Amino acid sequence: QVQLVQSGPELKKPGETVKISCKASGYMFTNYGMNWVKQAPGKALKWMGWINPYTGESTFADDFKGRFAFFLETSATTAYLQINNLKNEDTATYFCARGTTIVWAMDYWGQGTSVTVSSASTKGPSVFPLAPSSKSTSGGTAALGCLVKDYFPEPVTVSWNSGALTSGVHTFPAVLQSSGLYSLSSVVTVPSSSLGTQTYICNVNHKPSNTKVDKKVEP
Amino acid sequence: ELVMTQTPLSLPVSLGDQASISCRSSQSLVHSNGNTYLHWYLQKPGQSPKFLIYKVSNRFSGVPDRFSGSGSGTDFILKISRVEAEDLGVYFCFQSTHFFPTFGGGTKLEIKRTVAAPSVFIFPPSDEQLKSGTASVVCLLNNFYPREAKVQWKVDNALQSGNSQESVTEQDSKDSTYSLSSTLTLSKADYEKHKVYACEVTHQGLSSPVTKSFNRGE
Ligand SMILES: C[C@]12CCC(=O)C[C@H]1CC[C@@H]1[C@@H]2CC[C@]2(C)C(=O)CC[C@@H]12
């Protein structure tokens, strides 16, 4: 199938340069355009421009003439977006999207790359267990989780049991404290009978700080 | 610089009802070549956008028949008939007739459903956290509708002001409910000055408020 896999989240000081990559597979790379789209936090989608892999030429929307560039590495079927002289307005999620030129539309999109522009250094989270509400030998369902506390910037990724536990998970939006750092919780509900036998681990990954943590949560 | 106006900004719709999203262009989207390059995307919470409709009225692959587009010239509609929980998200029209391509501002489709009461849970600080010098207490309201909910913290039966933070998920894409965390953050010293910790929840689903509590070191 068609897949567009983008590189990971970035933190950069104002004035620096960032290069974002989008690896394509599952189709003839040069025969479709590559579009870049910006989405600032809470805001709508903005078409930045596209590069034509067949001729190597770029075209930009008016707001993106100047500090922006698209590159290609055709043998590695990868497209890049470079932004130089970074500003605060550039903090956003950036999507590559394949252009199916037969109808002038973007058809498949990448998962997005978050870029934060900031003067502050990264700060990795501390992870604390939120211990099961009930004992194994009582009825109904129990809730358990992980507090992912005091990190910068967003995003953090939380999974349970390395993706094997998916049902009943709620990972909350990060919130800022007066300290200027984010915290969030991820929680899951499980049959309380399974607490006796099943083990629950939350895997936290904060890539900008190279923090990976696996916390066992039990009674 | 054509503007793409998309109305409404948010559209509440019940399950099984029809939803209508309007998108308006300041100039005709008919290309001198005869085609109309108006498209629709949906972005579900957390996800990248997904291609839905191309050239006004054609469904992209795998898109259910309950989605249809219509309109001509400057006025376009997207209709979602018999709405499903999975349909939740922000819908964007997108034009590529005129240079440069533009999106509309998006319309957030939200599901109306019956009131559902929260399940409430409280979590004491972990010891790992305490021995790092702080204490967060976490109250969880799980799977409720509507979004409006009141959470009050009482510490030895005194009401707390402005030392907690709320966070709410997006509507669940299966049952259209929300969940919410309330977090009370105290310094370890302050935390150990008190014995009983409680959140009280008020909500349309509960006939009267529900309190969950623990006694420090229980
Ligand atoms: C440049 C252009 C080239 C062909 C044309 O005359 C229209 C423009 C504007 C729309 C563009 C298109 C090529 C492919 C693009 C970039 C897409 O894949 C989405 C919008 C499309």
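To find a chain, count down the sequence lines: A is the first, B the second, and so on, and within it residues start at 1. Start at 1 and go down the list; that is how both ligands and their atoms are numbered. Any value given below was found using the heavy atoms of this structure, including those in side chains, with hydrogens, waters and symmetry copies removed.
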Side chains of A/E218 and A/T199, donor plus acceptor under 3.5 Å: no
Residue, atom name and distance, where the atom is the protein heavy atom closest to atom 10 (C) of ligand 1: B/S96 O, 3.6 Å
Residue, atom name and distance, where the atom is the protein heavy atom closest to atom 11 (C) of ligand 1: B/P101 CG, 4.5 Å
Residue, atom name and distance, where the atom is the protein heavy atom closest to atom 14 (C) of ligand 1: A/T101 CG2, 4.0 Å
B/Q171 side chain to B/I111 backbone, donor-acceptor under 3.5 Å: yes
Exceeds 12 heavy-atom contacts within 6.0 angstrom, atom NZ of B/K212: no
Distance from atom 17 (C) of ligand 1 to nearest protein heavy atom, with residue and atom: A/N35 OD1, 3.6 Å
Atom 3 (C) of ligand 1 [closest protein heavy-atom partner, distance rounded to 0.1 Å]: A/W50 CZ2, 4.5 Å
Single hit among B/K174, B/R66, B/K44 for salt bridge (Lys or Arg N to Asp or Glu O under 4.0 Å) with B/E86: B/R66
Residue and atom name of the nearest protein heavy atom (relative to atom 6 (O) of ligand 1), distance in Å to one decimal: A/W104 CH2, 3.7 Å
Heavy atom of protein closer than 4.0 angstrom to atom 8 (C) of ligand 1: no
Centroid-centroid distance, B/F60 to B/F67, less than 6.0 Å: no
B/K55 atom NZ: more than 12 heavy-atom contacts under 6.0 Å: yes
